[PDB]
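These protein sequences, in sequence, are chains H, P and K.
Per the entry's author numbering, the first sequence runs over residues 1 to 232, 261 to 513.
Its first residue numbered 1, the second sequence is counted upward by one per residue in the entry's author numbering.
Its first residue numbered 1, the third sequence is counted upward by one per residue in the entry's author numbering.
Cβ coordinates follow ideal geometry from the N, Cα and C atoms, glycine included.
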Amino acid sequence: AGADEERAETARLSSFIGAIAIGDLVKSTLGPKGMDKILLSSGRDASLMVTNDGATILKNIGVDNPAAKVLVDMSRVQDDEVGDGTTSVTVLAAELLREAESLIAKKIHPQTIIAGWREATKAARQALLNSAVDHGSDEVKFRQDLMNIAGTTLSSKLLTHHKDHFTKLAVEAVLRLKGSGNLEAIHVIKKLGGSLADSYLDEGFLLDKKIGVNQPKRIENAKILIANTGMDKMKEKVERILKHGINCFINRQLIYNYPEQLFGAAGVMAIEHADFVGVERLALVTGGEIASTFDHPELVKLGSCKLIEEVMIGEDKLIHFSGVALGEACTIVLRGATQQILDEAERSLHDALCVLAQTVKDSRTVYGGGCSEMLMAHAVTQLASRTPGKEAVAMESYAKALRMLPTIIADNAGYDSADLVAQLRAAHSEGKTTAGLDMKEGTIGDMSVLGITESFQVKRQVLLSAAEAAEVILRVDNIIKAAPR
Amino acid sequence: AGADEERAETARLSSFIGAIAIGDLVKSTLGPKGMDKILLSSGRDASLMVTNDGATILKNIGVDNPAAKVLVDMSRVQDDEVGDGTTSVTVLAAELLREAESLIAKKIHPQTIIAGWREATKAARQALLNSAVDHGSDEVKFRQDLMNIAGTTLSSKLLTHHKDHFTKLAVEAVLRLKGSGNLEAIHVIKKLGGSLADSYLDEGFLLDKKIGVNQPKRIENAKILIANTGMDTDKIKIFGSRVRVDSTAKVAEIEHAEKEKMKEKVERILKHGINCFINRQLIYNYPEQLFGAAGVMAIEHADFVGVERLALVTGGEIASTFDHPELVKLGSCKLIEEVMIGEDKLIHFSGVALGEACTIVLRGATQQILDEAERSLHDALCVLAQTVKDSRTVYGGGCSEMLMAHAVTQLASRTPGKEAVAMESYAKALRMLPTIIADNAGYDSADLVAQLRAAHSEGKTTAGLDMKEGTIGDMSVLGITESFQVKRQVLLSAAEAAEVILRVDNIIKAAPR
Amino acid sequence: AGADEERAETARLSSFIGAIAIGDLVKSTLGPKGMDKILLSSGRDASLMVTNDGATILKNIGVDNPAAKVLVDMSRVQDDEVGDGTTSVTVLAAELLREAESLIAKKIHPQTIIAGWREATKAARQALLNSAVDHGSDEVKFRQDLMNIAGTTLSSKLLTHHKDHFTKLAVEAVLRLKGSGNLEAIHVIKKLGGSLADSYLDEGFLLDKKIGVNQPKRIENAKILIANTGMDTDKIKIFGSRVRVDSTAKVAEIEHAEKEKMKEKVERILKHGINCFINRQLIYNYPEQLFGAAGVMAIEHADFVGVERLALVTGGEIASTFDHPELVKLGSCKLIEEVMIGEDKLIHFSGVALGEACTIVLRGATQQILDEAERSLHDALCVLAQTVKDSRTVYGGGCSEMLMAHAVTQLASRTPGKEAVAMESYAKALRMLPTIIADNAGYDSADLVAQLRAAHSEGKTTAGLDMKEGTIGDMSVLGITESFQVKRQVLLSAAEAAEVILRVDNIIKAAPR
């Protein structure tokens with residue numbers, strides 16, 4: 001006789017344990033003082049892995065018997081759409097379970113309590129249309145372009161001491177990116193000499209490769225050739269080449285020595301072992317080409333002409349592809365001082381892009397730093413008092429849930445948790461939307477001034493996501509019999 | 001394992017356990033559907049006692065080591081000043097301790113939350129400010145004489161079927177009492193006869209005793225004699241010895257000497273015109289026969305408590321040795337008689353010159369429960385004396401508590417920093433009271449809380465918990481009101497009591513083993 | 001199950017453990033946001049004695065086997081020199097032990113390191129010249145009479161709302177005290193009454209005892225009698241044994257002899273016109289009946305300490321055998337009576353001719369925390385007597401301590417070889433004091449240390465630790481100052497007690513089960 005019979009008191013615990021286990025690991029990740037974690041397993045796992053993003057690690061494994069596999073899976077749809085922001089959605093779902101210990105003291109009917117989940121669907125829409133906050137973030141944006149959300153995602157990252165300036169740059173990269181062109185052609189590198197600003201933006205794509213020291217310095221009315229197959261024959265290449273006026277050749281692999289002599293005399297600049305990732309991005313940029321065998325020249329290849337040249341950047345020399353007709357795709361260079369801190373700039377450009385692509389499609393935003401959170405709480409707390417009977421405990425409990433978010437942001441900072449809560453609520457109560465939690469300040473401040481803003485998508489489906497797994501607990505009562513107790 | 005060593009959180013727990021243990025027994029006692037508890041012990045106690053009043057049971061017993069007895073002692077002063085109503089003050093202090101679990105969740109300096117006690121006073125100012133009180137207490141009064149506060153005290157008790165009529169009667173009793181006299185001489189006894197009124201008011205005092213089957217049926221222009229000493233004579237503590245005389249002939253003197261006690265009692269008593277003799281203790285058999293022929297009614301084992309009130313009533317007398325007759329005794333005279341009150345024989349003392357002391361003998365419908373009138377009458381006395389002196393009242397049934405609770409939730413969010421957490425915890429303390437009142441009613445506690453809360457928000461001070469209803473209703477229509485004094489003092493007392501010991505971490509050791 | 005068993009390095013740990021246990025209890029106490037702890041013991045201990053002042057509680061009880069009592073005893077000599085304000089000296093010694101973990105790491109000669117305490121000898125001197133500004137307190141002093149250092153002692157204490165006023169009162173007491181008298185005959189007691197002032201100044205002496213239920217309530221133009229020997233008589237030094245005798249009249253003679261003692265006491269008491277008799281011990285019952293009829297009030301078991309002060313006040317007397325009345329007894333006469341302070345019965349001796357000694361009586365909330373007033377009060381009288389005598393002070397709030405700490409860091413590098421390790425360990429000993437003051441404040445200790453060092457390093461002596469602020473501020477505005485003497489003695493005192501600790505290390509116990 002066997003099975004899994006735990007019920008009511010015991011049954012509640014299995015769901016409860018899954019939520020508490022996940023929350024401790026993910027809470028550390030959140031905000032400025034977040035930390036990276038290392039994990040390893042036997043069977044189909046090579047070695048310890050460390051992931052900054054909470055979502056990536058949860059999906060790669062299915063460690064044990066308690067239920068949490070389904071809850072975790074949903075966050076990816078959120079990631080495919082909006083995703084990361086900062087990882088907080090998993091945490092909120094987990095905290096709803098803590099009140100259940102309190103519920104034993106309620107001592108009457110947990111099923112009645114379920115009314116709250118139905119309430120929660122309306123509560124989900126309390127987040128929306130219950131308060132004005134902001135909304136603008138239209139598109140392009142002069143002052144609200146950045147000095148917002150990228151900084152919040154950025155905050156978890158260590159580099160924030162000078163990185164905030166770098167984060168601010170990222171929106172310009174996405175503004176050009178927008179539209180239905182597609183999400184590609186984004187490239188970031190760092191340089192060993194520069195300034196306080198610590199970053200620079202280039203109009204076109206930046207590549208660090210050269211044919212050799214010989215060949216003409218600059219090409220104009222440039223024609224671009226991309227070949228799938230390497231140069232690893262001399263006569264076919266020259267005859268086709270002269271008619272076109274071939275200014276530059278880019279090959280994604282090793283290149284035969286013989287062609288190099290011909291390119292130099294002709295006046296053609298070629299690139300040896302160019303990376304595939306740069307090439308695909310470039311193809312979308314030029315207008316594409318059909319790349320195959322040496323027949324590839326003439327118009328099977330589409331060449332965009334503005335100017336391809338090697339341009340001095342405050343020290344070493346690099347090759348710049350710029351003035352592209354498409355305009356859809358662009359690159360950011362960045363500058364430094366050979367500092368340990370400088371290669372660090374590599375770390376946060378990547379996270380900045382992920383939030384931004386979503387910022388353009390929603391064309392809607394909310395104030396970050398918990399600004400929305402206290403504000404919703406102020407609006408929702410009285411709603412429960414207003415409603416009669418059994419319902420107020422259910423609706424109020426969700427409303428009190430909002431109170432913790434201000435507190436979670438405060439705990440990472442290291443400031444007194446009780447102190448942070450009171451000061452926050454009064455500002456929001458007054459009616460100023462820009463006011464929010466300032467972790468560095470230890471109190472409250474203008475969120476817009478510091479930056480931090482949140483993508484609209486993260487707020488609409490975080491609430492939907494929380495109810496996605498939370499209700500399938502108490503709601504169904506069958507898993508029974510076999511052995512005693 | 002064992003030593004009675006306390007560390008950080010555990011020390012907090014000892015204060016915590018005392019609060020919760022007391023609260024469960026007390027909570028069921030609050031309101032209309034309160035419960036009676038009976039307590040017994042083998043010695044230095046004779047029988048189980050049941051006390052409806054929470055304050056009385058706590059005072060008598062110090063059961064164990066954990067602190068709580070001193071907190072309990074505080075309600076006494078409140079009781080003599082304003083009194084009772086329903087016992088709710090003790091429960092409120094206890095619930096303050098429940099947040100403390102959330103306090104370790106703070107993971108920080110516990111005593112800055114103490115500022116909450118400095119928020120408690122802010123809460124106290126608003127209680128004074130927001131409640132809606134009353135206007136009017138003319139004196140004696142026609143319609144507003146009662147159907148108010150006495151009813152709320154009674155509401156807590158199930159007698160409120162026919163009894164609310166009885167409560168109404170009690171103010172008439174207080175009107176004569178009213179003023180200078182303070183509290184004395186109010187006596188209540190039940191009658192086994194059914195009637196709508198269920199009560200009668202008497203100008204004099206009823207005592208239930210008889211000399212014996214024989215004796216004159218009635219006495220008038222009655223003279224009253226009270227004796228501190230019994231009519232019994234033979235030992236004297238120091239026997240004087242076994243005794244030696246001069247054989248059997250003189251011992252005749254000993255038996256004869258008894259007669260002298262008889263002779264003094266008759267001769268002196270007759271001159272006065274003695275109609276009634278009342279003695280607080282056992283009475284010697286020889287005198288009993290004498291009283292019957294004379295035309296004098298005496299009372300065997302008349303208890304002292306009735307007597308002290310009676311003395312104030314008749315102007316009193318100096319009770320001593322048999323010299324006691326004549327002038328040293330002052331006997332008021334109107335009418336002393338034993339009257340069949342349809343049911344059981346009782347003796348009526350009436351026509352008292354003083355006028356200060358009077359008796360409320362109630363008849364009412366019978367069962368064991370008419371003894372309830374004893375329970376219930378006592379409550380009536382305490383509320384009216386305060387009601388006349390204060391000339392101020394607040395709405396009962398928890399109406400006051402929900403209104404204040406709605407206001408305090410707003411306050412927490414408004415105050416910045418450290419303070420809101422402290423203020424909000426005091427604020428949600430108020431939430432439990434609606435729940436405590438609803439739970440004993442037998443209705444579901446959760447359903448009751450939100451509906452109550454919504455009505456208060458509107459601005460209706462009158463709206464409150466209706467336990468009989470099972471939902472919410474208008475308290476004012478009921479006529480239930482609480483005296484003004486009970487609410488302002490409790491707020492100051494509750495905060496301060498719980499506050500000291502949280503402050504102190506460690507109840508320490510001893511020498512012994 | 002019991003094991004123990006300590007040798008060499010672990011032996012050292014026993015010295016280490018004593019310091020850590022004491023520091024946690026005392027740390028809460030130092031500073032405005034202080035803490036109160038209660039201690040209970042049985043066996044020559046009544047119950048619940050609580051002391052805020054660290055020195056009084058440690059001195060009274062030797063709780064357990066580990067060595068620490070000798071260190072505690074030393075604090076009292078410091079108390080006599082100047083002593084208090086806030087109890088900080090014990091904590092400084094305790095932290096010095098933490099560095100010793102480093103010494104095992106050092107792994108050479110721990111006694112060579114002992115040079116550090118000698119090194120500390122001129123470290124103390126460095127703090128003796130560069131610290132604070134504020135000197136003389138001229139004489140009597142109008143404004144500068146207080147609102148200064150007594151207030152700082154009080155600042156640590158939690159009664160400082162009403163209490164700062166009480167402190168102001170204490171300097172008035174020292175001004176009368178001032179002269180060639182030095183420091184004697186001042187006694188102050190709290191009372192369970194409630195007034196805004198919370199204190200009164202008495203021209204004479206206050207005592208709390210009564211003769212018995214009977215006796216005249218008040219005496220005028222009173223004569224005071226103080227007797228060393230009790231009224232009780234019958235057992236001299238040699239009994240005269242227990243004897244039979246043999247007559248039916250002799251046993252009576254000894255009872256008669258008792259009467260003679262009664263006769264002497266009344267006949268000569270009347271000639272004097274004695275109004276009050278005060279005896280330090282038990283009093284025989286026979287005279288008590290006598291005093292009531294005569295119209296003389298007497299006090300049973302009056303405390304000796306009160307009596308000696310009273311004697312200087314009334315001109316004194318020669319306290320011998322019953323010959324004591326008349327000329328050998330000096331009785332000052334104004335008013336001796338039991339006065340209704342407000343809540344309890346007290347006896348007031350007043351109008352003393354001498355004027356040299358006066359008494360202060362405090363009024364308060366009630367419940368052992370009003371004993372807090374005795375706690376603050378004890379500190380108040382003593383601080384003032386030396387503040388005027390020393391003629392100089394230093395800034396409080398740890399301002400003095402951080403400055404010296406910055407200076408001592410330089411010193412360690414400067415001393416060659418062995419000495420630098422020893423000197424630098426002493427140097428960080430100063431660092432904990434800022435931490436202890438901040439910790440009881442509830443603010444985060446780590447952040448506080450860093451911000452503090454930068455302000456002292458800059459060159460501003462006035463700047464220090466502000467607990468209310470949660471950062472650093474100007475000490476002088478607060479009015480917190482420390483006696484120059486407390487700082488000179490503490491530096492010398494800490495080393496000697498701590499030194500004893502290193503030299504011990506070995507405690508011996510023999511074997512298992």
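Within its chain, find whatever has a CB closer than 8 angstroms to the CB of residue i; leave out the 5 residues flanking it on each side and keep chain order.
i                : result
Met423 (chain H) : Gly116, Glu119, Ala123, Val408, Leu411, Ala412 and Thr415
Tell me which residue opens and which closes the alpha helix (DSSP H) that residue i is part of.
i                : result
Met262 (chain K) : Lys250 to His272
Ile369 (chain H) : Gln368 to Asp371
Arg176 (chain H) : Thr160 to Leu177
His135 (chain K) : Note, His135 (chain K): premise wrong, no alpha helix (DSSP H); not H, not E.
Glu288 (chain K) : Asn285 to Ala294
How many angstroms separate the CA atom of residue i from the CA atom of residue j?
i                : j                : result
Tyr200 (chain P) : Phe142 (chain P) : 19 angstroms
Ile38 (chain H)  : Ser376 (chain H) : 20 angstroms
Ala105 (chain P) : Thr87 (chain H)  : 22 angstroms
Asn130 (chain H) : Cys399 (chain H) : 13 angstroms
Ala450 (chain H) : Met35 (chain H)  : 28 angstroms
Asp234 (chain K) : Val171 (chain K) : 49 angstroms
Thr435 (chain H) : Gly306 (chain H) : 44 angstroms
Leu448 (chain P) : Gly23 (chain P)  : 20 angstroms
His109 (chain K) : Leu154 (chain H) : 53 angstroms
CB-CB under 7 angstroms to residue i, same chain, minus the five flanking residues each way: which ones, in chain order?
i                : result
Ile61 (chain H)  : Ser41
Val486 (chain P) : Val82 and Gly85
Could you tell me if residue i is buried or exposed, where buried requires 16 or more neighbouring beta carbons within 10 angstroms of its beta carbon?
i                : result
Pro325 (chain H) : buried
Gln289 (chain H) : exposed
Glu203 (chain P) : exposed
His301 (chain P) : exposed
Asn65 (chain P)  : exposed
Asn279 (chain P) : buried
Contact criterion: CB-CB distance below 7 angstroms. Does residue i meet it with respect to chain P?
i                : result
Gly31 (chain K)  : no
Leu40 (chain K)  : yes
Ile108 (chain H) : yes
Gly417 (chain H) : yes
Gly194 (chain K) : no
Can you check whether the C-beta of residue i is within less than 7 angstroms of a C-beta belonging to chain K?
i                : result
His301 (chain P) : no
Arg125 (chain P) : no
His378 (chain P) : no
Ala511 (chain P) : yes
Answer yes or no: does any C-beta atom of chain H fall closer than 7 angstroms to that of residue i?
i                : result
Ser400 (chain P) : no
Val421 (chain P) : yes
In the DSSP assignment, find the unbroken beta strand (DSSP E) run with residue i in it and report its ends.
i                : result
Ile226 (chain H) : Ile224 to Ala227
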